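Every read-out reported here was derived from the displayed coordinates using simple, explicitly stated rules and does not represent laboratory data. Neighbour counts run over all protein chains shown; Cβ positions are idealised from the backbone, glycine included.
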Ligand SMILES: [Zn+2]
Ligand SMILES: [Zn+2]
């Protein structure tokens, strides 16, 4: 297809009033009988009807009960009762056959066949284990039957499903079940009819058929309505659903208290799917989850995966209002529901777990994955202007930066002002398909606030850079002068970047008071120009606390002495800025040691001793009593390597890895006695946040106690591995052991495989922990694991567990190019059956320009090999075309 543009939107020529679907479900060939009740838009001349349709085996076309034949050269001579198929497979009916009056309704009935077992794209109807499941977002419903496959077309649905009674005892679709019984002529088959009373776009359609067990629990809304919440899964996993069920109940209660949102259906169903591209999908009343985001068990699920399940479960329920009842006018507005819903699950996770812990996790993920995207060839604003394949723009920018943009609304307007904007947003657009500007206008109108410049967050890509050009205390005036500058580098298709509306939370820590001296302690500064000076009231000499709570998704250039950083590490009040001060000091040490290693390529690299400021602060955090142990663990943990690499030019993952290990080993020697004392204090599975924090700090201290990677380190990690009562401490010890070549690593990996007992999720970790190992010939191990009996590229979770994890290994960038070729060979094979996963796999080649010339030539070679592959998908073609946009021709 050709490139699509945001400003080319136009309402549809025709409307869809009713959808009558009949499914004759078989694993090899499913018949889909569909009747669409349509009419032309008012005040519009007659025009041809064009319906989306992809990979359908068409049997018959019927217009108002009259059969139409396939247009051919023989039908041209005389037959006018014909239909046509365009070059893309869309169903075309000439305007002469349709009613002349616009309001006159007509019926288009089609019989098509699809092949679920051959549907390896996992879009539309396909087989997943013992289940027949669906996935339609964004444009997958056209792979089931003909439709106007766009989110601004809504209609009422009536769905009938017929299937084998033994293989598919449970049949599910959107809405309420109105009929169930046996198939009349065919013995052994049964059916069910589902009617959705509320109109919905086609991407929210879903159907499930297979052998399912369920747990359930009632929920009473604030109006008194009772909603039956049920979690479905295959029989073998039906005892691992309580954590997901309890998460739905918390999400429904939280949305009522925090935003006044009330569920409107009698049933809320969640079905687990073992073969799923996304993490979960918000199909109206019939959510479908990836198994890794639903199933939970103490012996298989880590604390982080437990929290991720709670977060995604809430995310999918929050889509019922921000996504389903108020939906998108077009796919350029994807961040209207994704950015707003991610922000909603971030507030939810913060209230359910720890606010500071969640904020630190979100910022670290943003400044690694999203910052790389925003500085690369695929950089796009949260509301893109153009796209080729819409599946390529379900990105960290649209999701996670979009949430940071929503959070900036909350910062500028306050909680009560943000709530008033939400109420007006839901009141105006309930049951409609709207845009980003509608949400921004709701926030503006409800608060009397001008948000015209704020739209630049939606229009301009790239990470803004905020420089602290001057920050000096003025004792004569009792003022603190703060001068700030902002600039944003060019991104593909947009060189000039106009100033953003940047809210910057600041604070001052008095040098005498050792606490906040501002009242209120945090002040929201509105940086709206390219350069601006602010004057804060400071009674005494102070130290600046800049960008508290990460109030804007920007880079910060702020020169601080190690003494002022140590002052903030000990006396700052903002939880993020307190951690940011420690993260800033450790990042600079990591970055400098990596540049020394990068200068000599590891040939005689001598590191200066770690400064006492860093070690004493590390020791104080380690020995501290009474504080939150999760904040303790995240402060002591070394900075994420992908985050530090985004500040380097060029990026050298091997130099950054050696820099990380050298710091890990030096602090392990300097504070070995204190580390061993705290480690023994954290011994002796509960889901309580107190026990999660204890295990989190215990695993971090083990990392600092095993840096030498000698026989003593392997023995300590092996005991941690064997004595673990859950997956959290077991997987952490295994991950540490896999960097230590020896018998302890092989024994742990062999035992880990057998202890899985065929569990696909535990086997994913077994593949991933090997792909991320810092061992020699880790590439050859990954290449060999592709032949393993339990490896199949057709399952996205298993493919990502091995291949995607390997792309995050620093040895993936080995200068011999063996790692790049491995990914390219994988992307080529996967693209022939699952374009979505292959396009995301090829994304690891996007930042080729940021690496050294040797790695540039190797990555450019694989990028061109993929781009020149015959039959390459539209999805993967767009990704590598963008990557090669700034590359030499030929
Ligand atoms: Zn989603
Ligand atoms: Zn979402």
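For a modelled paramagnetic label at residue 107, 7 Å from Cα along Cα-to-Cβ, the residues of region 46-75 in reach, with backbone nitrogen under 19 Å, are 59-69.
Note on residue 386/residue 690: beta-carbon distance plugged into 1/(1 + (r/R0)^6) with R0 of 41 Å gives a FRET efficiency of 0.25. With the simple model of a label 7 Å out from the Cα in the direction of the Cβ, residue 246 to residue 42 spans 5.3 nm. Modelled spin labels at residue 665 and residue 722, positioned 7 Å past Cα toward Cβ, are 2.7 nm from each other. Region 787-835 and region 125-171 have their alpha-carbon centroids 30 Å apart.
Computed from the C-beta positions of residue 178 and residue 117 and an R0 of 30 Å, the FRET efficiency is 0.55 to the nearest 0.05. Roughly what % of DSSP beta bridges within the chain run antiparallel, to the nearest 5? Approximately 80 percent, going by the DSSP bridge assignments.
Hey, fewest Cβ within 10 Å first, where do 498, 583, 429 land in order?
Going from sparsest to densest Cβ surroundings: 498, 429, 583.
Label reach from residue 211 (point 7 Å along Cα→C-beta): in region 232-256, amide nitrogens under 20 Å belong to 232-241.
The calculated FRET efficiency for residue 228 paired with residue 10, based on their beta-carbon distance and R0 = 41 Å, is about 0.50. Estimated purely from DSSP H runs of n ≥ 4, each contributing -39500 (n - 2.57), the mean residue ellipticity at 222 nm for the chain is -11500 deg cm²/dmol once divided by its residues.
Modelled spin-label separation between residue 741 and residue 415, with each label point placed 7 Å from Cα along the Cα-to-Cβ direction: 5.6 nm.
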